[PDB]
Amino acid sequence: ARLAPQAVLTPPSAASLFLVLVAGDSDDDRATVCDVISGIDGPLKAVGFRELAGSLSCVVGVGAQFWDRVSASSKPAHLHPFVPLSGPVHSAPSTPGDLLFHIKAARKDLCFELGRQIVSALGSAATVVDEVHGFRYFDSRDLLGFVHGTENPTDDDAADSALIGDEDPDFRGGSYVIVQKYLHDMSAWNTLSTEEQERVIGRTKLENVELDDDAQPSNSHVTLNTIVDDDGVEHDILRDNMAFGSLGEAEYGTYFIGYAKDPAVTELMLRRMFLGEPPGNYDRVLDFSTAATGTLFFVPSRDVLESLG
């Protein structure tokens, strides 16, 4: 699916740009924003076409509140600001964001150039609050050294987990995406043994194998993020997490980003993670990673997005 915006289902890339913006209270501002994002197809092709492979993609996310400024008329069944969490040890803040631009490509320059043109076309009408330059780290690993994104759904499985279906027909082909910008305590994670780290995660480190059911801690990241309803049905998200970092500031990050046809799934995951399940039995990953952002966006289908204003 080449150079079409709102392509939620794109495979992993070598490079990422994650841009979060807030819109000006102004009224021109509101409309300048709407021009840019309703015609996002323009800059996407403008940059993307310059690469033979056409690996460039761009998913636009709109915050719950800014959504009301440009379409009170109609509303996705499950749009809202990010539910903040305050558990026993660890907390997930709900930080601000009106616009999300999730940008992926085989090269940095392509990412940066798209971002540059999006930012420039918005001018004073919007301000960047968060900017992450994501990158592939070896054989699909996070900076914690684990293969990261393994159990993502694929193909038909993935469209079903991520894209709005018959259950909210006005926004079919849409999605809800939550981002969280995690920073890691490298020195603390390093005092653990590989085997302790594996227990924290749920999978072997080098080989990326899932631990047997009998050796699988009930507060391993994998168990906490497994969702099974009362009828026995699993519910999945699609995650496009990328590494990022700065050596001098000593930040080592996993940029979380998950898409689902219903954020309830992503939110239950986050609750099970921060509050724990049974309560207090939280996700040990949180001991070594602190979320610095937390934002929810609606991802309009291509039709819906081209309709704005």
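All residue numbers are counted from 1 along the displayed sequence.
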As the entry reports it, the stretch among 55 to 63 and 275 to 283 with higher mean C-alpha B factor is 275 to 283
Mean B factor on CA atoms, stretches 222 to 230 and 106 to 114, record says higher is 222 to 230
Listed options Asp139, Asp142, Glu207, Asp168: highest C-alpha B factor recorded at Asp168
Highest CA B factor of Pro81, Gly202, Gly134, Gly149, as deposited, is found at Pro81
Assert third(CA B-factor, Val47) within chain per record equals lowest
Here the Cα B-factor of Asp262, set against its chain, lands in the third termed middle
Tertile call for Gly294 (CA temperature factor, within chain, third-based) is the middle
Chain-relative C-alpha B factor for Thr32 (record values, thirds): the highest
Binned into thirds over the chain's modelled residues, the C-alpha B-factor of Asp68 lands in the highest
